[PDB]
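Heads up, the chain below is alone and in the form deposited in one PDB entry; it's given as structure tokens.
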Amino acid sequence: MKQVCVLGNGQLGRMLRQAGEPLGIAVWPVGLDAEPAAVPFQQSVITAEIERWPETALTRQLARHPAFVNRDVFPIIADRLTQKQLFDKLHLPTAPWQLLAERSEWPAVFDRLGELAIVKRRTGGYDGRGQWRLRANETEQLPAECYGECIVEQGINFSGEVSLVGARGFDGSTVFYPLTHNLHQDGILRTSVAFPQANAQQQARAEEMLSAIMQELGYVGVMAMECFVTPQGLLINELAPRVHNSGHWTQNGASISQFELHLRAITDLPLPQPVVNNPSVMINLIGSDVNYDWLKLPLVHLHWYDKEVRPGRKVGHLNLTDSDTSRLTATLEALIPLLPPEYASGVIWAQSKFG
């Protein structure tokens, strides 16, 4: 019975453990502060749900582990500069950008990028923290700390956002789910909607890009590529070297979930193409307490994280899938009065995807 250890103690690891169980794979999520002595890392394949970390007794032990899959890929992706350079190397479309070295460069930056600059911390950002959207007369708001520690990109006016989640096997095979439509508000993902068949052109463009990246990196497991939809085609925004929030719908809307797919990849099990026959919606639960009334609606799949509820925190997600989009829209409509007000916008945006 394969053993896998996942570095990091969040919901991602928990979902990987839940997926592993019925497949006969024991998965052990280990936080950074864990005691290595307690960790069966020796008899396990190591994976992670994080991409960067401080040095601890646990991480020092891991360091010397032969089977930490993708170990060397993380730092490249963990630093936005190196990630952006990777797209450049591979000729992949992405927002024009540059390292933002010091105050003095501002003039050349706007000259280069346009009216709106999007400044991003090279490492550690998530949910939009560590991101600034500045105009020529607003540069003084950027913390000095940021000089040398941030990249700056052109503000992209996309018509929508989509991510491609897929996986690469140790033998180079790759498999993908259809593109997923993502809605972000205030920097955090709120809702995702996936259809069995995406714009065929967009789907091929994305697969070619993701494929080139996984190959170049020699990556094994699941990776998510977030892109921006523009009239010239997609632009890659960023990558996540792991299972990703946008693909949670796969737990209930694909024959093989992103969690199962990642475990198959890393343990070298078969990686056939997951079957996706119907559309799916996923609503993220953020800073809200669980309301079991949601369970009155039979299509709603509750995925609760057993995390402390605090503002802005991802606490769970709700998935719904059905071959009849009317049912989905109706389920959505019934959910509105059962969710806090800030959820209406995303729920309605999901409904409109079927309109």
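One rule holds for the numbers: they count along the sequence shown, beginning at 1. What we label the rigid core is the largest C-alpha set whose atoms superpose within 1.5 Å from one form to the other.
From this point on, the text means the form deposited in another entry, which you will not see here.
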- For the set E208, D88, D72, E105, which residue undergoes a C-alpha shift of 2 Å or more between the shown form and the other one, given alignment on the rigid core? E105
- If we fit on the core, is the Cα of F158 displaced 2 Å or more between the shown form and the other one? no
- Item | Core-aligned CA displacement of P143 at least 2 Å between the shown form and the other one | yes
